[PDB]
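Take a look at the structure below.
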Amino acid sequence: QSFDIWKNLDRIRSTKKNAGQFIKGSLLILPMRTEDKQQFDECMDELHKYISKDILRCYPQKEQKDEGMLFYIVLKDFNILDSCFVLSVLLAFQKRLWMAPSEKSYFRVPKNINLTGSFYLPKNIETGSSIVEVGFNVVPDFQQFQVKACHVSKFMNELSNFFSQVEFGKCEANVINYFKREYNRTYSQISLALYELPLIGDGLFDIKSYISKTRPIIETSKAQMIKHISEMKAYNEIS
Amino acid sequence: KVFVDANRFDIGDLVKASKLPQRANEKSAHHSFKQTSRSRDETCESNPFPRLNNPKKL
Amino acid sequence: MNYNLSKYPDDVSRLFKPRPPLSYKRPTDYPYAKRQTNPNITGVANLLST
Amino acid sequence: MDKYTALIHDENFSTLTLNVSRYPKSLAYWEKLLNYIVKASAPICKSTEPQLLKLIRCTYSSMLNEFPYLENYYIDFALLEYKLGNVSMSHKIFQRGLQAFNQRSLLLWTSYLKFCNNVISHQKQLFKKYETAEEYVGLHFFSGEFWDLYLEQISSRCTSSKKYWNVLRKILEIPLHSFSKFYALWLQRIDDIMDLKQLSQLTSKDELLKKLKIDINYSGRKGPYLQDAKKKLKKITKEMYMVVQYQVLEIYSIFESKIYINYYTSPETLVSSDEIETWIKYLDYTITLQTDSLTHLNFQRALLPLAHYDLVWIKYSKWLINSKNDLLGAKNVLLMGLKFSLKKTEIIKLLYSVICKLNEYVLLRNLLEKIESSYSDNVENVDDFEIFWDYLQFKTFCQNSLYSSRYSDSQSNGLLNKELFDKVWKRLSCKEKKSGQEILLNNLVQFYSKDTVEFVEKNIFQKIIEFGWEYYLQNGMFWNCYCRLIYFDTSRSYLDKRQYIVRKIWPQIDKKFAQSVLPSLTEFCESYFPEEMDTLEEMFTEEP
């Protein structure tokens, strides 16, 4: 179909067989990044007008990087449609900066683009394609989901086909503070792993005693390989 | 600190406590092998290379 | 329940395993702080007149 | 004075703590500091000094945040907090121990379940924990102890004895190191059966009636029919024994005989040449069988001995890319592989590519800032070229995508953006001290246009001549590149490019340098200008 969100959304309103009544205890958190805040605020303000404030909140982080802002997008108690609308708008908008810098209309999504991102659900889901789970997810409680490179209409269609199946249950009130704290712990760990990239040899490894501990074994190893090559040369030699 | 079974923090005091008196001299004078009491204070530095100290295959 | 304080050889204390621990089910009566027979036992000089 | 103040005014404490706080990633200093603090409280109990318990907790928690793959210290810290009175904390200690291992460690599940049997005192919750441990670390090759522990709890709590037969039939098909014990349980428990109604404990009654031609409700003389039953079920168990014996004996003879070290050890240890080879062969074996819990488990099992080596971090990530097609999974494996591996360059080079293919470019643009901020905006002066070049390619990809093209005929300005060309020029200015100058030169001559080549020839090559720097004038690759820039320019005709080269490049090279410049320039003139070869030979003939 078309590349206007509203025609796809009215299609998915009409044909989806109780597309209205919501999902019990359903919470979805999608952490997204932007280089500039002022482009983001217009999309999020129009988005806030259409969707009830209780349903969708935007939690800014502490601005620790001060360059790339990390805004959490949380949809609590969403319907089968509200999810499709917010995901289509935000998944297009965070890719609008790179590919289509001239079009500039936050609810119409041009046809050169494909929607690609990732969202987190709680682990206590029961599911009883274009959206797949991940193996080896890194946040200790939540289930990272991947959406791989679809049109806008196939994105709406597959989001409705996905959220029909899933069945949430019984999280805490402030589980969102738990996700904020946990995701910030994980990227603080990988940032502080990149800060150890110069400091390997003698920065924090007491290399002065490590070299004296593994100097003779490298030396005997080199002896064994020289002996290996002479032995193998005598094995291959016709003589 | 885990597998020794005499330095365990939960059942640590019980194993030493229930060793028994052995008020028999010949009870200790029977066996002439080593005791091999591995202390809790051991570190990572000793046995730096595990293969070179002679290992056993499973 | 891995290493025993019992004198008997480990052979004999395989026999004396207990049952699994007792499940917790909430109490139905008054706690030990609030246990009392009735106070406000009223007087007896009312009875002697009428 | 008490234990805490006496411990602080001791002289050894300042020395042990300064050696730990100088050399963090050496393990023996941490263990010496830890054994000293624990020995400094010789009775440990509930009444020892709380200013000193807070310090033992900070020491263990900080060590385990530094060295998160140390299996025995999670057990020991949890058992210390279990001694000190609160099981509520020891649950959390074991659970962060399992989570840092991503739930796939056998020893922490075994010690956590032998802990949890005592203190959880609710039967369905304890069995949900055993089902969790089964689905993560069940198919481990040495998990005989886990399953035997699980059967012990089932045979002591349950009164039904159906769940025992269920769990034991699942043990019978797993290839464990010691499966013959779990077969002997099944053999003596078939032989300890008494009547025909109990043969439905194994399988369903219709499966028996079809597959083994045996009726449970055969009423009559039930002696010979029960003996026939036991012989036919023992035959089926013999065949399933042959299949599990083949798989166990094959894994043991080929792969599991050769691994000697299964433990984390320390970041300063080296893994043998034997065991890198047999872990690569054994992961390549495991991937073929197409059991997924066993594959994640064998990768997390191989990351104990050589977590730091990083051979596995890349092999596990490429398995998640091209065999199972779970590409955020392979981004997260490398994100977790940055924290452990000491040779980060190959992982960061693959990581950039994985991030670019996911179309998550802001994560790339933010990830490059941590490298160009980890060297404090001075990555142009890095010792190892391998970091700088992998940085500069993806920074050039982003810098072309932000700022639109400045030159004509739709050409993205590549290295010659004024923000990147400064990073190039501050490295070309160091002149021999930094390695990899030739590749910067050779990657700056691919423009093939009019004003782009004119920019390059006006800014780098002419300026190296103008400064007269001896390293590049000496080096034949510089003049080969400065000819190959002009000759592959598609803006000139043949005559003016040949005449420009022979008349205004080749005169400028100094005759004292000719013994090094001529072997590199001769290959150029022999490949492209065979006619003008005699001019070049007579410019550098031995007699003027």
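Going through the structure tokens in order, the chains are called A, B, and so on, while each chain numbers its residues from 1 and the ligands are numbered from 1 in the order shown.
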Might you pull out every residue within 6 Å of stretch 167-184 of chain A, with only C-alpha atoms counted and same-chain residues fewer than 5 positions away left off, and present them as a PDB file with N, CA and C atoms, in the first residue's frame?
ATOM      1  N   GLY A  25      -1.282  -5.587  31.263  1.00  0.00           N
ATOM      2  CA  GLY A  25       0.058  -5.388  31.845  1.00  0.00           C
ATOM      3  C   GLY A  25       1.127  -5.379  30.773  1.00  0.00           C
ATOM      4  N   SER A  26       0.872  -4.694  29.658  1.00  0.00           N
ATOM      5  CA  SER A  26       1.848  -4.679  28.539  1.00  0.00           C
ATOM      6  C   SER A  26       2.732  -3.436  28.622  1.00  0.00           C
ATOM      7  N   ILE A 125       6.864 -13.181  29.310  1.00  0.00           N
ATOM      8  CA  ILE A 125       5.919 -13.182  28.212  1.00  0.00           C
ATOM      9  C   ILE A 125       5.679 -14.620  27.807  1.00  0.00           C
ATOM     10  N   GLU A 126       4.540 -14.855  27.184  1.00  0.00           N
ATOM     11  CA  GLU A 126       4.214 -16.154  26.625  1.00  0.00           C
ATOM     12  C   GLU A 126       3.726 -15.895  25.217  1.00  0.00           C
TER      13      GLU A 126
END
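Residues of chain D having any atom within 8 Å of chain C, counting only C-alpha atoms, are residues 118, 121, 122, 123, 156 and 157 of chain D.
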Please, could you write that set of residues out with N, CA and C atoms as an mmCIF file, in the first residue's frame?
data_model
loop_
_atom_site.group_PDB
_atom_site.id
_atom_site.type_symbol
_atom_site.label_atom_id
_atom_site.label_comp_id
_atom_site.auth_asym_id
_atom_site.auth_seq_id
_atom_site.Cartn_x
_atom_site.Cartn_y
_atom_site.Cartn_z
ATOM 1 N N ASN D 118 18.323 -26.200 51.105
ATOM 2 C CA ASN D 118 18.158 -25.973 52.533
ATOM 3 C C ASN D 118 17.186 -24.847 52.829
ATOM 4 N N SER D 121 12.472 -24.101 50.950
ATOM 5 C CA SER D 121 11.357 -24.677 51.743
ATOM 6 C C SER D 121 9.972 -24.547 51.106
ATOM 7 N N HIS D 122 9.901 -24.457 49.786
ATOM 8 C CA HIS D 122 8.637 -24.439 49.061
ATOM 9 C C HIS D 122 8.856 -25.265 47.810
ATOM 10 N N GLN D 123 8.045 -26.293 47.618
ATOM 11 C CA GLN D 123 8.432 -27.368 46.727
ATOM 12 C C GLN D 123 8.328 -26.988 45.264
ATOM 13 N N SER D 156 13.252 -37.902 47.140
ATOM 14 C CA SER D 156 12.959 -37.682 48.551
ATOM 15 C C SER D 156 11.663 -36.923 48.773
ATOM 16 N N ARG D 157 11.294 -35.989 47.897
ATOM 17 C CA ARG D 157 10.065 -35.249 48.168
ATOM 18 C C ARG D 157 8.817 -35.941 47.644
#
Expected answer as a PyMOL selection string: chain D residues within 6 Å of chain A, only C-alpha atoms: chain D and resi 23-26+329+339+374
Since we have the selection now, will you write its residues out, keeping N, CA and C atoms, as a tab-separated table (two decimals), in the first residue's frame?
chain	number	residue	atom	x	y	z
D	23	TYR	N	48.25	-2.09	40.50
D	23	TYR	CA	48.18	-3.13	39.48
D	23	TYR	C	46.86	-3.88	39.59
D	24	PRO	N	45.77	-3.34	39.04
D	24	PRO	CA	44.45	-3.94	39.27
D	24	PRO	C	44.27	-5.29	38.62
D	25	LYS	N	44.68	-5.46	37.37
D	25	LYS	CA	44.39	-6.71	36.69
D	25	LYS	C	45.41	-7.79	36.94
D	26	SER	N	46.15	-7.77	38.02
D	26	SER	CA	46.96	-8.91	38.40
D	26	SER	C	46.26	-9.56	39.58
D	329	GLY	N	22.24	-10.57	18.05
D	329	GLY	CA	22.97	-11.48	18.92
D	329	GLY	C	24.46	-11.40	18.69
D	339	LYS	N	34.95	-6.49	26.74
D	339	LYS	CA	35.29	-6.31	28.14
D	339	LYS	C	36.36	-7.29	28.59
D	374	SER	N	39.22	8.18	23.90
D	374	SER	CA	40.01	7.35	24.79
D	374	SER	C	41.48	7.66	24.68
Proximal residues of chain C relative to chain B (only C-alpha atoms; 10 Å) as an NGL selection string: :C and (1-7)
Next, the residues of the selection above should be written as an mmCIF file, in the first residue's frame with N, CA, C and O atoms.
data_model
loop_
_atom_site.group_PDB
_atom_site.id
_atom_site.type_symbol
_atom_site.label_atom_id
_atom_site.label_comp_id
_atom_site.auth_asym_id
_atom_site.auth_seq_id
_atom_site.Cartn_x
_atom_site.Cartn_y
_atom_site.Cartn_z
ATOM 1 N N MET C 1 24.129 -30.433 55.760
ATOM 2 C CA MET C 1 23.688 -31.792 55.472
ATOM 3 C C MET C 1 24.581 -32.453 54.425
ATOM 4 O O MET C 1 24.182 -33.412 53.771
ATOM 5 N N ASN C 2 25.788 -31.915 54.258
ATOM 6 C CA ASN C 2 26.809 -32.534 53.422
ATOM 7 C C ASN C 2 27.870 -33.223 54.268
ATOM 8 O O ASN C 2 28.220 -34.379 54.016
ATOM 9 N N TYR C 3 28.387 -32.523 55.271
ATOM 10 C CA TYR C 3 29.346 -33.072 56.218
ATOM 11 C C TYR C 3 28.714 -33.073 57.600
ATOM 12 O O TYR C 3 28.083 -32.090 58.000
ATOM 13 N N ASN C 4 28.810 -34.231 58.261
ATOM 14 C CA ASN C 4 28.079 -34.518 59.524
ATOM 15 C C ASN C 4 28.943 -34.440 60.785
ATOM 16 O O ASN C 4 30.127 -34.815 60.741
ATOM 17 N N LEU C 5 28.305 -33.983 61.868
ATOM 18 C CA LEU C 5 28.862 -33.885 63.243
ATOM 19 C C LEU C 5 28.641 -35.233 63.947
ATOM 20 O O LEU C 5 29.196 -35.428 65.043
ATOM 21 N N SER C 6 27.859 -36.127 63.331
ATOM 22 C CA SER C 6 27.544 -37.464 63.900
ATOM 23 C C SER C 6 28.783 -38.363 63.924
ATOM 24 O O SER C 6 29.558 -38.340 62.953
ATOM 25 N N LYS C 7 28.927 -39.126 65.009
ATOM 26 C CA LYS C 7 30.038 -40.086 65.248
ATOM 27 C C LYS C 7 29.987 -41.251 64.249
ATOM 28 O O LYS C 7 31.061 -41.741 63.863
#
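Residues from chain B that have an atom within 12 Å of chain A, counting only C-alpha atoms, are residues 45, 46, 47, 48, 49, 51 and 52 of chain B.
Counting from atom CA of residue A:230, the distance to atom CA of residue D:273 is 19.0 Å.
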At most 6 Å to chain B: residues in chain D, only C-alpha atoms, as number ranges by chain: D: 28, 31, 35, 79-80, 83
Just C-alpha atoms for this one: save the residues we selected as a short mmCIF file (atom, residue, chain, number, x, y, z; two decimals), in the first residue's frame.
data_model
loop_
_atom_site.label_atom_id
_atom_site.label_comp_id
_atom_site.auth_asym_id
_atom_site.auth_seq_id
_atom_site.Cartn_x
_atom_site.Cartn_y
_atom_site.Cartn_z
CA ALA D 28 47.62 -12.54 43.08
CA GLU D 31 44.01 -12.66 46.65
CA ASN D 35 43.37 -13.41 52.58
CA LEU D 79 28.84 -18.71 51.77
CA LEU D 80 30.47 -15.94 53.80
CA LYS D 83 27.57 -17.53 57.63
#
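Reported to one decimal place, the separation of atom CA of residue A:4 from atom CA of residue A:108 is 4.9 Å.
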Residue set, chain B restricted to alpha helix (DSSP H), as a list in words: residues 12, 13, 14, 15, 16, 17, 25, 26, 27, 28, 29 and 30 of chain B
Print the selection's residues with N, CA and C atoms to a file, as a compact mmCIF listing (two decimals), in the first residue's frame.
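Resulting contents of out24.txt:
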# COMPACT_ATOMS: atom_id res chain seq x y z
N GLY B 12 32.36 -25.01 58.09
CA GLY B 12 33.77 -24.92 58.36
C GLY B 12 34.15 -25.30 59.77
N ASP B 13 33.41 -24.80 60.75
CA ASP B 13 33.76 -25.06 62.14
C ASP B 13 33.38 -26.47 62.55
N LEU B 14 32.32 -27.02 61.94
CA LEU B 14 31.83 -28.37 62.30
C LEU B 14 32.88 -29.44 61.98
N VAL B 15 33.53 -29.36 60.82
CA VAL B 15 34.52 -30.42 60.45
C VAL B 15 35.68 -30.45 61.44
N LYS B 16 36.20 -29.28 61.82
CA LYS B 16 37.32 -29.21 62.80
C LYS B 16 36.82 -29.68 64.18
N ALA B 17 35.60 -29.27 64.54
CA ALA B 17 34.98 -29.58 65.85
C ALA B 17 34.76 -31.08 66.04
N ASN B 25 47.34 -43.33 70.95
CA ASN B 25 48.60 -43.03 70.29
C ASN B 25 48.77 -43.86 69.03
N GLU B 26 48.43 -45.15 69.11
CA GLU B 26 48.61 -46.07 68.00
C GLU B 26 47.63 -45.82 66.86
N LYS B 27 46.55 -45.07 67.11
CA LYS B 27 45.65 -44.67 66.04
C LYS B 27 46.34 -43.72 65.07
N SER B 28 47.08 -42.75 65.59
CA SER B 28 47.89 -41.90 64.73
C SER B 28 49.18 -42.61 64.30
N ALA B 29 49.69 -43.51 65.13
CA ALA B 29 50.91 -44.25 64.81
C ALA B 29 50.69 -45.39 63.82
N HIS B 30 49.44 -45.65 63.42
CA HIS B 30 49.19 -46.67 62.40
C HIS B 30 49.65 -46.21 61.02
DSSP strand (DSSP E) residues within stretch 4-222 of chain A, as a count of residues only: 45
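What separates atom CA of residue D:27 from atom CA of residue D:337 is a distance of 20.0 Å.
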Test item: residues at most 8 Å from residue A:71, only C-alpha atoms, excluding those fewer than 6 positions along its chain, as a PyMOL selection string: chain A and resi 31-33+58-61
